[PDB]
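First up is the structure itself, then whatever we jot down about it.
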Amino acid sequence: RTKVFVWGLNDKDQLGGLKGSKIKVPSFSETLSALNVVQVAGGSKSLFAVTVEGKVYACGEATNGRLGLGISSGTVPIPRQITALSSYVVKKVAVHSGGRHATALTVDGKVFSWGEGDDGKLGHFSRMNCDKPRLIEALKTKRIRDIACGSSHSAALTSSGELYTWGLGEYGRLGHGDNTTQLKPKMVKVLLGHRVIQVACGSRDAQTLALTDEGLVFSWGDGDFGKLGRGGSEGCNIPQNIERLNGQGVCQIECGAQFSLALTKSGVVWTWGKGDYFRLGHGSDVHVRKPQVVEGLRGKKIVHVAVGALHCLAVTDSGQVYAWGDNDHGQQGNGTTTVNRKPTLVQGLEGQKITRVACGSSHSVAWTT
Amino acid sequence: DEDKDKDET
């Protein structure tokens, strides 16, 4: 039994069956609460749920085959199972908040991809769209442990700790020492000798973040607005260590629209990048070019975080969700369309031990377990 | 903004 709550933009029914288009208060999801979810994940006006059984459901805008349901034009208003993956136990779906493609990882380590095919982000040696999940052949002999997708590139890491990237090469977000597009997965050779345990991918002129099992965070790709975390705006196509975060116990990394976020094991949140519309959480909309602690959450032990395009969710260990950032479509959950300049307690979730959050482009999810 | 969705409803 897992209760799932959604709010935010609903113009394409990306919330799985609620009336209205601006759900400004977290609303109980009948359909999603029924599935017994282990993960929810938001793309561009899209929503995916991975269930304990290992099945995947999808709803929202269907364009570019982003939902993987064998179509490419409508909206899918009620969460629908991705039958193409029904012979597999899926463990995780990786999709970006500004994303029109996704990947799914099985428990036995296989990676499928579907959706928009531009720049090779599906990893199939082509730029073709896949309306239905397709096995990434390049990785069949690799035991994949984690996956991520930006808007224009993808990543996957092995149980032994090697990171793979593929997709758009422009602005060096792939990390291979050049700006070349890769239509198949390619190993980030610079990071060999570090066991990479987590990776996160940005959108548009995108950054990439990696996390090693020693707590070192690396970044590379586009440098606009200081989302690389080393000051100024210079980009690089080779992973560099974000020195500010060493020794801090970073256990989760995320990439929204043009900014970066890190959570530590002690419960601290750091953000940096493009500040417009208050997506960083520091109470002003200025850019932050090296990681800064979200002060508005001192003393609250955050246990899970999620980012959308312009908003963030943080979950405390007592089951409270804090939101900050833009609110054009209600994705803050403060009952209005007013921006949350600071971390702001989310409304309508009392009596709920919320454990996990997720974000799409303009929508929000919180569930229990 | 390039990342602000629009409400097509």
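Exactly one residue out of A:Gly335, A:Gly267, A:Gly283, A:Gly319 is surrounded by 18 or more Cβ atoms within 10 Å (Cβ to Cβ), assigned to a loop (DSSP other than H, G, I, E, B) and touching a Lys or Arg at 6+ places or on another chain (Cβ under 7 Å): that is A:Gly267. Filter region A:177-203 down to the residues that are surrounded by fewer than 24 Cβ atoms within 10 Å (Cβ to Cβ), under 23 Å from A:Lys92 (Cα atoms) and touching a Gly at 6+ places or on another chain (Cβ under 8 Å) and list them by number. Answer for region A:177-203, where residues must be surrounded by fewer than 24 Cβ atoms within 10 Å (Cβ to Cβ), under 23 Å from A:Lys92 (Cα atoms) and touching a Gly at 6+ places or on another chain (Cβ under 8 Å): A:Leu183, A:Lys184, A:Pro185, A:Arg195, A:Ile197.
Filter region A:286-316 down to residues that are in a loop (DSSP other than H, G, I, E, B) and buried (at least 19 other Cβ atoms within 10 Å of the Cβ) and give me whichever is nearest to the chain's Cα centre (by Cα). Give the steps one after another, and end with the answer.
First, pick out the residues of region A:286-316 that are in a loop (DSSP other than H, G, I, E, B): A:286-287, A:294, A:298-301, A:308-310.
Still in the running and buried (at least 19 other Cβ atoms within 10 Å of the Cβ): A:294, A:300, A:308-310.
On the way: A:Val294: 19, A:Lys300: 23, A:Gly308: 7, A:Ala309: 10, A:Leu310: 12 Å.
Filtering first and then ranking leaves A:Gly308.
Every test in (1) basic (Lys, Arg); (2) surrounded by fewer than 18 Cβ atoms within 10 Å (Cβ to Cβ); (3) within 14 Å of chain B (Cβ to nearest Cβ) is passed by A:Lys274 save one, and that test is (2).
Within region A:55-97, being hydrophobic (A, V, I, L, M, F, W, C) and surrounded by fewer than 19 Cβ atoms within 10 Å (Cβ to Cβ) holds for A:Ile71, A:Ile78, A:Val89.
Of all residues in region A:181-216, those being touching a residue at least 40 places away in the same chain (Cβ under 8 Å) and part of a loop (DSSP other than H, G, I, E, B) number 8. Anything in region A:37-73 that is among the polar types (S, T, N, Q) and under 19 Å from A:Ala358 (Cβ atoms)? List them, or say none. Scanning region A:37-73 gives A:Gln39, A:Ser44, A:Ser46, A:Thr51.
Could you please find all residues in region A:4-20 being away from every other protein chain (no Cβ under 12 Å) and within 21 Å of the chain's Cα centre (by Cα)? Lay out the reasoning, then the answer.
From region A:4-20, those away from every other protein chain (no Cβ under 12 Å) are A:4-7, A:15-18; that's our starting set.
Of everything in region A:4-20, those that are away from every other protein chain (no Cβ under 12 Å) and within 21 Å of the chain's Cα centre (by Cα) turn out to be A:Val4, A:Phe5, A:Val6, A:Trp7, A:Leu15, A:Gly16.
The single condition among (1) under 18 Å from the mean Cα position of the chain (by Cα); (2) within 14 Å of another protein chain (Cβ to nearest Cβ); (3) surrounded by fewer than 24 Cβ atoms within 10 Å (Cβ to Cβ) that A:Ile23 does not meet is (1). Scanning region A:67-114 for residues that are touching a residue at least 60 places away in the same chain (Cβ under 8 Å), under 27 Å from A:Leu313 (Cα atoms) and of a type outside the set (A, V, I, L, M) turns up A:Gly68, A:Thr75, A:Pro77, A:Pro79, A:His96, A:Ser97, A:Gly98, A:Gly99. What do you reckon, is A:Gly177 of a type outside the set (A, V, I, L, M) and over 26 Å from A:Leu261 (Cα atoms)? For A:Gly177, the condition - of a type outside the set (A, V, I, L, M) and over 26 Å from A:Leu261 (Cα atoms) - is not met.
Taking into account only those residues within region A:98-110 that are crowded, with 24+ Cβ neighbours inside 10 Å and in contact with a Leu (Cβ under 7 Å, 6 or more places away or on another chain), which is farthest from A:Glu137 (Cα to Cα)? Give the steps one after another, and end with the answer.
Of region A:98-110, the ones crowded, with 24+ Cβ neighbours inside 10 Å are A:98-104.
Those left that are additionally in contact with a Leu (Cβ under 7 Å, 6 or more places away or on another chain): A:101, A:104.
Details: A:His101: 17, A:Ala104: 14 Å.
For region A:98-110, the residue satisfying everything is A:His101.
Just one of (1) touching a helix residue (DSSP H, G or I) at 6+ places or on another chain (Cβ under 8 Å); (2) within 17 Å of A:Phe28 (Cα to Cα); (3) within 14 Å of chain B (Cβ to nearest Cβ) fails for A:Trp367. It is (3).
Residue selection: A:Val321 fails the criterion of being in contact with a strand residue (DSSP E or B) (Cβ under 8 Å, 6 or more places away or on another chain), within 14 Å of chain B (Cβ to nearest Cβ), under 21 Å from A:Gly43 (Cβ atoms) and among the β-branched types (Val, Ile, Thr).
Residues in region A:31-46 that are within 14 Å of another protein chain (Cβ to nearest Cβ) and either in contact with a helix residue (DSSP H, G or I) (Cβ under 8 Å, 6 or more places away or on another chain) or over 19 Å from A:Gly308 (Cβ atoms) (or both): none. If you go through region A:221-250 and pick out every residue that is farther than 15 Å from A:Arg289 by Cα and touching a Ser or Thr at 6+ places or on another chain (Cβ under 6 Å), you end up with 3. Scanning region A:322-359 for residues that are aliphatic (A, V, I, L, M) and in contact with a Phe, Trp or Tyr (Cβ under 9 Å, 6 or more places away or on another chain), we see that the one that is farthest from A:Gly98 (Cα to Cα) is A:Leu349. Regarding region A:261-268, can at least one residue be identified that is out of contact with any helix residue (DSSP H, G or I) (no Cβ under 8 Å at 6 or more places or on another chain) and within 14 Å of chain B (Cβ to nearest Cβ)? Within region A:261-268, none of the residues are out of contact with any helix residue (DSSP H, G or I) (no Cβ under 8 Å at 6 or more places or on another chain) and within 14 Å of chain B (Cβ to nearest Cβ). Selection of region A:338-364 for residues being within 14 Å of chain B (Cβ to nearest Cβ) and buried (at least 22 other Cβ atoms within 10 Å of the Cβ) yields A:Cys359, A:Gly360, A:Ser361, A:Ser362, A:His363, A:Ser364.
Mind checking which residues of region A:142-164 are part of a loop (DSSP other than H, G, I, E, B) and acidic (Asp, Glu)? Give the derivation first.
Narrowing region A:142-164 to residues part of a loop (DSSP other than H, G, I, E, B): A:142-143, A:150-152, A:159-162.
Result: A:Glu162, single match.
We did not get these values from a lab; they are worked out from the coordinates using the rules stated. Counting neighbours? That spans all protein chains shown, and the Cβs are built from the backbone with ideal geometry, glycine included.
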